[PDB]
Each structure stands twice: as structure tokens, then as C-alpha cells.
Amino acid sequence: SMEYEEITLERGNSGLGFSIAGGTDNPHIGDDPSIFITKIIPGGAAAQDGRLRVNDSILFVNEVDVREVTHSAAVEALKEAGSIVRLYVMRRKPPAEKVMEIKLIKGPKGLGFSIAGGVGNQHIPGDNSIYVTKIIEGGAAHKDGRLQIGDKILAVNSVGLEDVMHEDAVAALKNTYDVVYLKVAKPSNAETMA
């Protein structure tokens, strides 16, 4: 569900008008060495054009491939890009989702899964959503067999997890006993084996 767009900007007196973070030497989100837009400077070229967005990823600058380069190499690619700069960016489209309620019994071994995300620890650029990253084999979640990696936890019991800090999500998952209702979001589109 990735969306690509070529954005052509005319360099101005104050530059192109945006800030970047990332590079093979300083992953903006750990591991991923992509060059991300972190800010759109008001009044600048990027802002006036209106197409560039925070969390957009710059894959190419004119003919230069910056998908896997050092931060400095990207800054230089941009500084040397001339007056008319063609930015080829990528931004993710949120997949179609279907809500599902999963009831787990919390035993001594706990819920048996790991999560990532939340404000202050986003799992995907832009995305404050709480995601399942791991499901312990033989664990409660596993035994039930419904919860899957990539699933979004929208709520725990009556507690919503939209736009919350990572710590608050963890607290919501821990403030539980016996019966636990996980409201989850799974990708709508699916195929069935016949």
C-alpha cells in the first residue's frame, strides 16, 4: 500500500524548505536507513508546493539514489541538486482494516505477546498505533491462535489505545486480570486456500 510521487521543487533563497533525518549511519527508526522528511518549513519551497509531507521518504534526488546512503551523503545530494530538484518520495497508505475482538485468559504466564508503537516510539513513520511484534510459542495468545503479528491493538478491555504514549499502552495491557478483551485491527483484504 505504498504510494510514490515525484515532487519537483525550485530551490529558494533559504533552500528547498524542509528537514531530513536518517541514513545508513543513523536510522531514523532503527534499521531502516531511509531519508525521512521531519519538517516542512513555513513559507519555503516545499511548503508552497504543498505536495511534500512529514514522514515522506526520499528515495531519489534527481538521478541520485539515496535509498541507502549516509545522512551526510543525502544532505550533499540535496545541496548539489541544482535549482530545480525532482524528489521521488514514498509514503504508506493505511491498509483496509477489520475490527476483531479477541478474548484471552491471563494466567501466571501472562498474555504471551509483545507490542511496539505509541507516541514516543512509533512502529511505522507517522503511525502512533500499537502493534503486535511477537507471539510467544505455547503462550496464551498463541494457544488461542487468533492474535497475529502485525495486528493492531485498538483497545484493552474498555481502554482505548489511539494516540497514546508507549508507556500507557503497556500499562493498559498490564492493568489486567483473568479475562482480557483485546479489540484488534487486522488487514481486511485476505485470501483463502482451497
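Numbers for residues come from their place in the sequence shown, where the first is 1.
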(message) Test of understanding: from the entry's C-alpha B-factors, which stretch has the higher mean, 166-174 or 13-21?
(response) 13-21
(request) Identify the stretch, either 144-152 or 47-55, whose C-alpha atoms have the larger mean B-factor according to the entry. (result) 144-152
(request) Report the option among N26, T38, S129, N62 whose CA atom has the maximum B-factor in the deposited record. (result) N26
(request) Check the PDB entry and point out which of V89, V119, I84, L104 has the largest C-alpha temperature factor. (result) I84
(request) Just say lowest, middle or highest third for the CA B-factor of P33 relative to the other modelled residues in its chain. (result) middle
(request) Would you mind checking where the Cα B-factor of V66 ranks among the modelled residues of its chain, as the lowest, middle or highest third? (result) middle
(message) Sorting by Cα B-factor within the chain, modelled residues only, which third would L161 end up in: lowest, middle or highest?
(response) lowest
